[PDB]
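1. this one is an experimental structure. Sequence first:
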Amino acid sequence: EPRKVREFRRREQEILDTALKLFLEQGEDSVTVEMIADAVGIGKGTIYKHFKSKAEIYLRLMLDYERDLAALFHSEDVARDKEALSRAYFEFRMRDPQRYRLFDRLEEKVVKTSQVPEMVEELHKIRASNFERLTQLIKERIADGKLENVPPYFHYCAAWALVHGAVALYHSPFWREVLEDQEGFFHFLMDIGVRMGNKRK
Amino acid sequence: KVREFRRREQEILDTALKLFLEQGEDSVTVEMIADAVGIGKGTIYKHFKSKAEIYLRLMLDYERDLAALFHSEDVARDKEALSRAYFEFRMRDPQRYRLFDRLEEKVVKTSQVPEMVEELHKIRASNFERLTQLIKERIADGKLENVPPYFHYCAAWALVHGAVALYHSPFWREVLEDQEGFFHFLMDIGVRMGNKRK
Amino acid sequence: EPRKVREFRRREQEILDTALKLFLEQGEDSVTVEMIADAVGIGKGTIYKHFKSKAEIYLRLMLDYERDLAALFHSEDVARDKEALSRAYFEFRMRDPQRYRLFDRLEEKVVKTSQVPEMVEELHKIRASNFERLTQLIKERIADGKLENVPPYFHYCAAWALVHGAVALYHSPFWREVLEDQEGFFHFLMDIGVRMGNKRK
Amino acid sequence: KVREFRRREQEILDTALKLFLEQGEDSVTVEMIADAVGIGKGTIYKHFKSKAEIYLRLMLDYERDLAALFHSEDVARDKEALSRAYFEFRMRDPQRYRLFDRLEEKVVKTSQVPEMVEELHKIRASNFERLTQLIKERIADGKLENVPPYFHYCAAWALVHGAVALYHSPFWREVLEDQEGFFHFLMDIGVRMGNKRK
Amino acid sequence: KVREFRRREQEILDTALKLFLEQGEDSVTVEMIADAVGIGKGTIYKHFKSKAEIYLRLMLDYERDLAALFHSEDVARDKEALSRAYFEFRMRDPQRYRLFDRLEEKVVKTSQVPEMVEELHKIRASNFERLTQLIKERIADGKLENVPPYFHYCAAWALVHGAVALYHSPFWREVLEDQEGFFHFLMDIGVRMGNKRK
Amino acid sequence: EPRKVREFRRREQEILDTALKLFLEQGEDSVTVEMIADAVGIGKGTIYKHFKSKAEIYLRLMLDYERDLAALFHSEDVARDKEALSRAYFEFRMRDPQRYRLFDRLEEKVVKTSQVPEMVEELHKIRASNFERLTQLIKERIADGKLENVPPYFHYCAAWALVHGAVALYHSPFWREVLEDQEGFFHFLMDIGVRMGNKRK
DNA sequence: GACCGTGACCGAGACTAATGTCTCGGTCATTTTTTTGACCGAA
DNA sequence: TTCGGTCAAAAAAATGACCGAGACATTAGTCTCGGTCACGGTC
DNA sequence: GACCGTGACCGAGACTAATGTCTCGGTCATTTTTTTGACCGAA
DNA sequence: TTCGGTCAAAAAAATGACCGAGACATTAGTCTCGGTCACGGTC
């Protein structure tokens, strides 16, 4: 058979790049979803033939956020042994931070609104499921003892606070510019991931 | 007149203190705010002199209690507790910052009193330097990393700025807040400050 | 709480609380109006537009003392335990022996001389009410069987006698300094005044 | 001879006693004294010095009967009898109590005749001595709770002061003038101050 | 539509490349190529009907790669390394070159679409003239032998064709079908040509 | 010397040389044996003496090839100088392309049929011995240092490609019309052939 | 006691008349494959 | 005044398929191969 | 050799006529002390 | 929506201040204190 498997795959890859080049600061509350259709490599048209104003594999682009997560989970690296997972998770999370800003536009218009319920309620469902899957690793970590033997939502909520703090940090009017020209913050990210909710004799 | 006014002013202090810890919502002007202690319209003016300048004086008296809790008079054993008690102050009664978020996004008319706001910003930087100076003391301890410690400032600042949204914006803490083992873990962080490596 | 609540209540309350310890120093002809006003932190026009002359002040003070003794009488409920009630009575009456001896002096000074007939009559009638209240307490004491079974005015007079003699004990030149601040013998007197009338089978 | 002078002195003393009980102490100079006695003016001064000597000799004879009272003769000396007799002698005749209370600050503490004053203080101390001796005699077999003796002293002090001042009240003495059952009540509960379970 | 067109064209080219490399040219036709294509025989027909549309397309693309190879970007271009890349571009995948010569001597005789062949010889002359100017450039500095350029043109074509015949001779093909050492040996000999004997 | 021996020798020689030219003209398949006989013009009974048939053609042509290689092996000079023999061999291999073409035709119809591929194995053994002598005098000159330290078969295949390139170029219907009257092109080819594979100081 | 080189005759790989079968898909037709722009609602 | 999420479709995109030309491969009369008995010369 | 108890006389702490000086601020007046509700603009 | 930041003021709030009553404290004639020479009785 022909690379029609590969052709739909590379549609999703060109769209991994297309939605990206839009959404480096665009979202949906910042760009009209049908005009996001207009805004891309293919016309608005094939974004309603292949898609429905980004939809048919933008639901999947958000699931591909959730999959760069759910495939980190089953990390293709043979190790997938310990904290290297949640570390790379945080690293993934804290990039093109308009990241939580884009999901904040989604929070404005579609998420708890469920304007695409086909996107966001399924997202809520199975991101809670996959949340409990990373939390299942972190149950393997509570088995490791490297992390505390307290509930796992303890450690999760600490991580959510820490990550949202990273995001909102790079939004502070002038209490971020001291940092914004500093990438010793990235060794600090290494130290965050290695040694938060962690062990210390 | 002398201790008359002192009792008056500490009454003012504790009044706004409790009232901004827990008393405020979508609020008509200080005919609701300072009428929380049943006063009137110009009773606000014997008192506070503001139909709606308490829609910043909430923040200003808050910032004054801030100014006070920036005590550099800790006895011994430098804790970073300028930082940690500031974080405590903010997050303890997390509904304190819920009410800050609320009343702010109710009343916030972009840029209130420039004069007060910028003197605030001034001394905020100054007490940021006092905070950073307790960090300088633990740099005298060699206990915190010798960096430009606006690093440390910002890091724990955001550690709590996210505690606010994890407690406010419905996500997962509000699902498992019923069990305040998580606030007990905030407390554990409160007590497990900078433990040496055994 | 509002405006003139504040002005009225603050002025009069601290006026009273100044004149109290002023009299505990010296007395009531020794201490006088201008002393009291100047000792507050304010002046005598607060006074002279609240109370002009000393008799009004004394009557205010004494019916305030009587309202304090009323709150003392108000033993709420629960069988109205009278042991600790008599205890509090003797303490409230004996503490600051300068205070009770001052009111005894003021009886002969302003009351027996009867400066202000109106508030004097008010005190007479409410004293009838308070004598009735203490009589009621004594009646329920005798009903309980603690006290000796006799009329109640017996024990009314006996309690007044013990209180007066005990404040005199903290006013004599002989054993005042031995007992004016000895909490041990103060409580001893309170026990003797609370363990009175008891049955002896 | 000796008995004639003795009875003359006793007549002068009781005459002046009734006078000072009736009239007073300051305006009652020797005028009323020798007007009532009348045996002879110089013949009255054959026996006494003035009003002041008569005051202090009355107090002397009072304390003489008191010293006659204090005694510990019985083998089975159950001290309830001496205790009740002391309570009676203290509380009986409240007019005598008011009298000597006036005479004290009139002539004693002024001490126009100080030898009798120091003898009064002497016999005060001696009555105190026998009282404490009696208290420890009671405590000997365990017949009281363990408290100081001066506790009981000042307790009886307040008791008798209350009694005399109550029967000298402005109004309630009008009610108690005919109440000897109240006196029996006073005696019973004055015998029953501060006791422990057997 | 458009990018769909790119898809079909590129797939058809690579498919026919593989098939022809294995089986020569009379064997391979529209249908082996359509099957390996998978997206059709009309995919072949409606784009490429005959068998030599493919050959002309292929060899003109090959010579366009040869022209991009002969870069005029570097004015002081390393002509020796460019000649190395030329020899490698033409010699690599030798069975590709034997396929090229097979189709060459086929359609030089048949010439299904002669106008494409007129264009081909014209554009070949154009590339050869650029090559010729570059031979003049590398003769001027004194690396090649000072003779007419087309001498070196025919010499390079002969050397590549002979190396291909070597990479299909039944004796030394297996000795040198993948001798990268001998491949670079051939390249350096063809590139160090015309150098004056020191 | 041998009157009759030389007679028969030159008879075979001239007959099969006439044949060589006949098949440079027409070919070896269409032309049969007594065609060669009537071409030469001797008693064809004498023609059939030679070997048997077209086998005569193939056989003695490979024999002439063998005798050329026999002359090519070794010459006479002090140290048996290398450049002269090398250049002469380069020339002769790059000489007379149609001769080599018809020899390829003979090779093809020798191994296609099964008359005598033994002469083909003889060609390969004389090839091997000539290559061995090539390596031998190459190393004789490298005694003082002549060619770089690469294999000898490297230079073998280099000269192979060179000779085939020359022959195929002068066979190419496009450029042969230009270079057919260019012996300067042959001189250039020889300069290329002698200046390859040599070491550099 | 031996042998070179050509005048007298006739039968078969191929050539030249007479025949026969391929090459893949070309020109067709079929289903079909990413590929606009409107076409409606939320905040 | 900020955007939020939906259907029919070309031009040819993906499966075949009668009927196409001019060219190998034999095979009879011969081409032109493929042969000799018999007749001339020398130690 | 000694001494108890009362008829004959006259001079002074206080009482009773005659006078004289306090108590603090009371009823006044002064300045005065936290104490509404409108009265305007921002975003 | 959705709030943001300003002046005159009572009722008496804070300083005095003539003119207030009925009560200690002496002091002359005496109250009534304060005294005796001189005259009666016993070992």
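-> Happy to help now that I have it. Numbers count the residues shown, from 1 in each chain, chains lettered A, B, ... in the order given.

2. ok, residue A:62 touching residue A:124?
-> No. With contacts counted by CB atoms under 8 Å, residue A:62 stays clear of residue A:124, the gap being 11.1 Å. From N, CA and C alone the C-beta is placed, and that goes for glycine too.

3. those two: who's more crowded?
-> In this view residue A:62 and residue A:124 are compared by other CB atoms under 10 Å in any protein chain shown, and residue A:62 has more residues nearby, 22 against 14.

4. could you check how far that one is from chain B?
-> Distance from residue A:62 to chain B, counting by CB to the nearest CB, to the nearest Å: 16 Å.

5. what helices or strands is the helix or strand containing that residue leaning on?
-> Assigned by DSSP states H and E, residue A:62 belongs to helix A:55-73. Counting contacts by 3 or more CB pairs under 8 Å, 6 or more residues apart in numbering or on different chains; DSSP states H and E, the secondary-structure elements packed against helix A:55-73 are helix A:4-23, helix A:84-93, helix A:117-144.

6. angle of it against helix A:117-144?
-> Comparing the axes of helix A:55-73 and helix A:117-144 via axes from the mean of the first three to the mean of the last three CA atoms, to 10 degrees yields an angle of 0 degrees.

7. any idea which residue sits dead centre in chain A?
-> Among the residues of chain A, residue A:65 comes closest to the average C-alpha position under CA atoms, centre = their mean, at 4.3 Å.

8. how about the residues of chain A near DNA strand H?
-> Within reach of DNA strand H by CB under 7 Å from any atom of the strand, chain A has these residues: A:2, A:4, A:27-35, A:37, A:45, A:48-49, A:52-53, A:55, A:105, A:108-110, A:115-116, A:118-119.

9. filter the residues you listed down to the buried ones.
-> With neighbours counted by 16 or more other CB atoms under 10 Å in any protein chain shown, these contain buried members at A:27-29, A:31, A:33, A:37, A:48, A:52-53, A:55, A:105, A:110, A:116, A:119.

10. out of those residues, who's nearest DNA strand G?
-> For DNA strand G, the closest of those turns out to be residue A:48, at 3.0 Å, with distances computed as CB to the nearest atom of the strand.

11. pretty sure residue A:196 contacts residue A:162?
-> Yes. The pair residue A:196 and residue A:162 passes the contact test of CB under 8 Å, sitting 6.2 Å apart.

12. settle it for me: which of these two has more neighbours?
-> Residue environment comparison for residue A:196 versus residue A:162 gives the larger neighbour count to residue A:162, 22 against 17, counting by other CB under 10 Å.

13. measure the more buried one to residue A:192 for me?
-> Here the distance between residue A:162 and residue A:192 works out to 7 Å (CB to CB, to the nearest Å).

14. can you list residues touching both of the two?
-> Overlap of the contact sets of residue A:162 and residue A:192 (by CB atoms under 8 Å, 6 or more residues apart in numbering or on different chains) consists of residue A:90.

15. domain parsing for chain A?
-> Taking CATH domains of a matching chain as the criterion, chain A consists of the domains A:5-51, A:52-199.

16. quote the end-to-end distance of the longest one.
-> What that stands for is domain A:52-199. Domain A:52-199 has an end-to-end distance of 48 Å (criterion: CA to CA, to the nearest Å).

17. tell me if that domain is near DNA strand G.
-> Yes. Taking CB under 7 Å from any atom of the strand as the criterion, domain A:52-199 and DNA strand G are in contact, through A:53, A:108-109, A:113, A:115.

18. as a markdown table, those residues with secondary structure and distance to residue C:101 would be great.
-> Listed next are the residues of domain A:52-199 next to DNA strand G as a markdown table, based on DSSP: H, G, I helix; E, B strand; the rest coil; distance: CB to CB, whole Å:
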| residue | secondary structure | distance to residue C:101 |
| --- | --- | --- |
| A:53 | coil | 94 |
| A:108 | helix | 78 |
| A:109 | helix | 82 |
| A:113 | coil | 80 |
| A:115 | coil | 85 |
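
19. which two among these are spaced furthest apart?
-> By the measure CB to CB, these have their two most distant members at A:53 and A:108, which lie 16.5 Å apart.

20. which parts of stretch A:145-155 are buried?
-> A:147-148, A:151-155.

21. correction: the previous question concerned stretch A:76-88.
-> Residues of stretch A:76-88 classed as buried under the neighbour-count rule (16+ other CB under 10 Å) are A:83, A:85-88.
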